[PDB]
Each structure stands twice: as structure tokens, then as C-alpha cells.
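Encoded as C-alpha cells, the structure appears first; notes follow it.
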Amino acid sequence: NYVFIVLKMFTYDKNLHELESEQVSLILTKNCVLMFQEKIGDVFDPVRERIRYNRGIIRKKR
Amino acid sequence: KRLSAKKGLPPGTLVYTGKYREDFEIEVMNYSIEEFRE
Amino acid sequence: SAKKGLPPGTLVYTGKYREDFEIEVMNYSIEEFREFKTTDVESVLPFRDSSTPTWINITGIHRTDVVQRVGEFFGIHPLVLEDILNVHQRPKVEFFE
Amino acid sequence: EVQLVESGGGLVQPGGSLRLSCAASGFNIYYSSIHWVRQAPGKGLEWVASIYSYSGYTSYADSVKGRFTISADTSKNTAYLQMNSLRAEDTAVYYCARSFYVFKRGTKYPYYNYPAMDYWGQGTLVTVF
Amino acid sequence: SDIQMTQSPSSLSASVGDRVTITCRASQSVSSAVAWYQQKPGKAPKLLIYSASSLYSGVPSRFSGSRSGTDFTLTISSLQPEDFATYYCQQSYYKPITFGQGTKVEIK
Amino acid sequence: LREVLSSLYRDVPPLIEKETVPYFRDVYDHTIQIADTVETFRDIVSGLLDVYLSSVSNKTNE
Ligand SMILES: [Mg+2]
């Protein structure tokens, strides 16, 4: 009934050398996509803008 | 810390492991070929 | 690189070679050949509709004007022109109809 | 919200000079292509000019090549179409329009739509007499 | 050597709720760069279709666009009295953006 | 990441439609590049360690 995927998002801080990892877990189910994160703010802002302003072929697709 | 251990809880349990437990929001965007709502 | 925050439609020359500009056209048919160098686009345009093979070398892309002219006349998408002018990128292959 | 408006249309004695002003609200012309289109009374649309303001690139039609001059102003956010020595055939309604294209990158067979004028201003009459 | 796109019919007569097709053909293959515009009398033309198939956001989904080689077609399935205005076929592939000679759909 | 994207492309689940299957190749290819780059970075770091070793040995000699 669904496709379950787990990824990591990495962030790097200048003036220091430390990787910080945030797990993003996303499930594609019944023409919907659930996303699960642990911090506000992510790396999908371009996708948000593309969906908002009808940019790209994302709107025509499922 | 790495904290790889959940210490033998049943698999059906839902317990959070990370230290990021401050902010909670749900953002929903339903987009169709002609209609977008967020 | 040089471009940051620009919309993905802007034609900027990211490279640093701006010394020289020239355009050489070599139009060759199994019968004959014709080669000529210049710095204008008007004498470069007519070869789009020529059935015979042609090679148009734009040496020096610091002039965004000429690249835009030849791209828009030859039916080249502005995105492809941006990729041409964007220097710091991997070798790419793209197939258009 | 986004809208283009044209002003400056007026009667010009054949051989005069006239400046059309296209003011746009909702987007910055410094990053977009502005197209000037012409439509004679009773005839079809005829593309006149186009400006890509970022690189200062000005493309023209053969009928007005060298005659008209298209130039943008980012501080005023306005595209001006200057005309010198207008001829009889130049009498028409002029419109300014914003071209756009939706694209997806990356694939070996990329989906690159070609630009099409999207928002047109109300246009103004330019009569030559 | 600019592209000349011939659009036909030169004039069109149709009634409400009719399937009407206006076809424009380009001398050279312009890929799928054709757009279809609608202009009401004494008004700014509005963009109906871009990329020769896609429907613009805002226009009713009634209009459709089809492509076949170097031929392009704008089709109205159930024509409405509001959709009685001039129609223009545009290329965007090459340097001088060229429009069709125009097509006026009038009530029959 | 490479395993995830390879599994997403290789074999198509009913949830994923064929129309979007080639698009995954893109990100899959991207992942491969990333690995290569990361692998390369690893090599560089080792060389860095090596060059430091070289330095001290040469420095010792002096
Ligand atoms: Mg367990």
C-alpha cells in the first residue's frame, strides 16, 4: 500500500568542523506523500516554490 | 551522543530518539494541475 | 561560483577569458568549401537553412550578445545558452528533438 | 496582482520620434524578457522588439531594425520603446508582454518549454500622420 | 529567412457547442514551441495554450492543443458565445517571433 | 543512499508509475557521482596525512 523511504539531511557549520544530521522519513501512499522531520526548516524550499508558482512539470504530475 | 541503543523495547512501540524536540508544525500542500492550496 | 541566487534563466559568462573574440564559419560540401572569419552575426545567420554541412565556431563567449543572437536564431533554448555560458560544470549531453 | 500597462501612445507626424513606456507591477524586469508587439487596425499581431535587460540584449524585428530602440530601467522598473522616423506602416496598437517558460533540468531528455508571452498590457494606439 | 507560419482557416463560422479546429503550419519544424493566443475585439490578447499542448492556468479547460510534425491545431470542444474572438498561432523557437495571419471565429 | 536509489529505479513497484521512472535515474546517477566525489575526498585526506608524514620525515632529515 505504500513506499517507505528514510534519508538523512546533512548540515555543515562554518568556523567549525561538525556534521549535523537530521533524519527525514517519507512515505508515498495513495497519491499522497507524508514527510517526517525533526527540525523546522529543510532543503525542500525549491520544491515548495515550484509547487507554489506552477514552475516545472511537477504540477502536471502525480 | 551516538546512542545506538533503544534498550530492548517492543517493536510496536513508538519512542523518539533525537534531541530535537522543540518545534512541531504540520505544513500541507495539496496541488492539482489547476488548483493549489496550502 | 560567480552566479549565486540568480534565476535559472540568466545568461552570465562565469569564465575569466575575455581577451579575444572571433567567429569562424566553414561551410563544406562534398563539392567545395568556404571558410571565413569575422566578428558579426549577420553573416553567420544565413547558414541555418543551408542543407550543406556547416561548422560555426564562436571563439570567445565573453560576448553574451553574440551567443544570445546565434542561440535565438538557431532555435537554441535560453537554458542551453545559460549552460553554454556557465563555465564551471561537468561535461553534459542533452538530446532535443 | 502582476500587471503590465502601456502609456505614451500618441499621434506622430511621419518622421518623428515617440517613446512608449511599459510599467510592470509584480515582477522585476531586470530578470525577465519584455516583448513589444504590434497590431495594425484590422491586421494580425506583429512582433516588434524584445529586451533581455540583465545582459542588455535588444532583439528587433526586420521592419523596425535600427529604427526603434528598446531599453529597460531597473530603478524605475520600466521598459521604454523609443521610435525615430516613424513611417506610415507603424500606425497600430502596441502592447508590452512578459514571456515565461516552465522547465525541468537534469534529465538526458530535458523538458524545456519555449518562452511564450503571458501577461500583456492594455496597449496604446500609435497613429502616424 | 524568418519563419512564416500559415494559419487556416482565414475566417471561421461556428455555433455554440461545436468542435472547431484551427490549424497553423510552420515552414520549418519549430518543435513544440507553438503557443495559441485569444484576442477579444480591441483588447489585449490572452494566452490560451503554451508549448502547443499545455493549457494555461486560468483559461477554462475547454481549449485543447494538438501537435503533429510541423502542424499545430487549436481545438474547441463545446464552443461558448464568449469564445468568439480572434485566434493567433505563435512560434517561439526562432529569432523573430512570428504569429499567424489570424483566425476570427464568428457566430454562424 | 546509493542502495536506496538503485532499489527505487531497479524494479518498479505498482505505486511508482513508469512515466517518472527515468527521472529517478537522474538522482540515482547523482548519488553515484556523490559517492565518487566522497571516495575521492577520502583519498585526498589520506594523501594529506601522507604529506604531513613526508614533511616530518623530510623535516627530520634537515
Ligand atoms: Mg526494537
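Couple of notes before you dig in:
- Inter-chain Cβ neighbour count for E:91-104, averaged per residue, equals 6 (cutoff 10 Å, partner chain atoms only).
- Space enclosed by the convex hull of the alpha-carbon atoms of segment E:5-107, per residue, Å³: 92
- Amide H to amide H distances under 5 Å link A:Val24 with A:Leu7, A:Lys8, A:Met9, where only residues 5 or more positions off or on other chains count and H is placed in the peptide plane.
- Within a straight-line Cα-Cα reach of under 14 Å, C:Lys4 can be paired with the following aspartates and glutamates, leaving aside sequence neighbours fewer than 8 residues apart in one chain: C:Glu82.
- Point-charge dipole on Cβ atoms (K/R +1, D/E -1) for segment C:41-94, about Cα centre, debye to 20: 160
- FRET efficiency for C:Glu32 and A:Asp45, using Cβ-Cβ distance with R0 set to 35 Å, rounded to 0.05: 0.05
- The separation of segment E:69-108 from segment B:23-37, counted between C-alpha centres, amounts to 35 Å.
- Per-residue average of Cβ from other chains inside 10 Å of A:49-59: 5
- Taking the centroid of alpha carbons for each part, segment C:21-75 and segment D:1-78 are 29 Å apart.
- The peptide list C:67-73, A:55-61, put in order of mean Cβ contacts within 10 Å with the highest first, becomes C:67-73, A:55-61.
- Farthest positive-ward along segment D:3-128 dipole, Cα basis, beta-carbon charges - from D:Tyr119, D:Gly44, D:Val102: D:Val102
- Modelled spin-label separation between A:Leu16 and D:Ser75, with each label point placed 7 Å from Cα along the Cα-to-Cβ direction: 4.4 nm.
- Computed 3J(HN,Hα) for segment C:89-97, one whole-Hz value per residue from the Karplus formula 6.51 cos²θ - 1.76 cosθ + 1.60 where θ = phi - 60°, is 7, 5, x, 10, 9, 9, 10, 10, 5, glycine and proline marked x.
- The mean count of C-beta atoms from other chains within 10 Å of the C-beta of residues in F:15-23, rounded to a whole number, is 3.
- In this label model, F:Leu53 and A:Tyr53 are separated by 5.3 nm, measuring between points 7 Å along each Cα→Cβ vector.
- Out-of-range pairs (alpha-carbon distance over 19 Å; input D:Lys76/E:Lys95; D:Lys65/E:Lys95; A:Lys30/A:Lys61; E:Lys46/E:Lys104; D:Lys104/E:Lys95): D:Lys76/E:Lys95; D:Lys104/E:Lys95
- Rounded to the nearest whole Hz, the Karplus-based 3J(HN,Hα) values (6.51 cos²θ - 1.76 cosθ + 1.60, θ = phi - 60°) of segment D:8-20 follow the sequence x, x, x, 6, 10, 5, x, x, x, 10, 8, 10, 9, with x at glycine and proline.
- Point-to-point label distance, B:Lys1-E:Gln80, nm (Cα→Cβ direction, 7 Å offset): 6.8
- Shown is the FRET efficiency for F:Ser46 and D:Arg105, computed with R0 = 45 Å from the Cβ-Cβ distance and rounded to the nearest 0.05: 0.85.
- Rg and Dmax, both from the Cα atoms of the protein assembly as shown and both in Å, are 28.0, 102.
- Compared with the rule-of-thumb size 2.2 N^0.38 Å for a compact globular protein, segment D:3-128 has a Cα radius of gyration ratio of 1.11.
- Reducing chain F and segment D:99-117 to their Cα centroids gives an inter-centroid distance of 29 Å.
We did not get these values from a lab; they are worked out from the coordinates using the rules stated. Ideal geometry is used to build each Cβ from the backbone, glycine not excepted, and the neighbour counts take in all protein chains shown.
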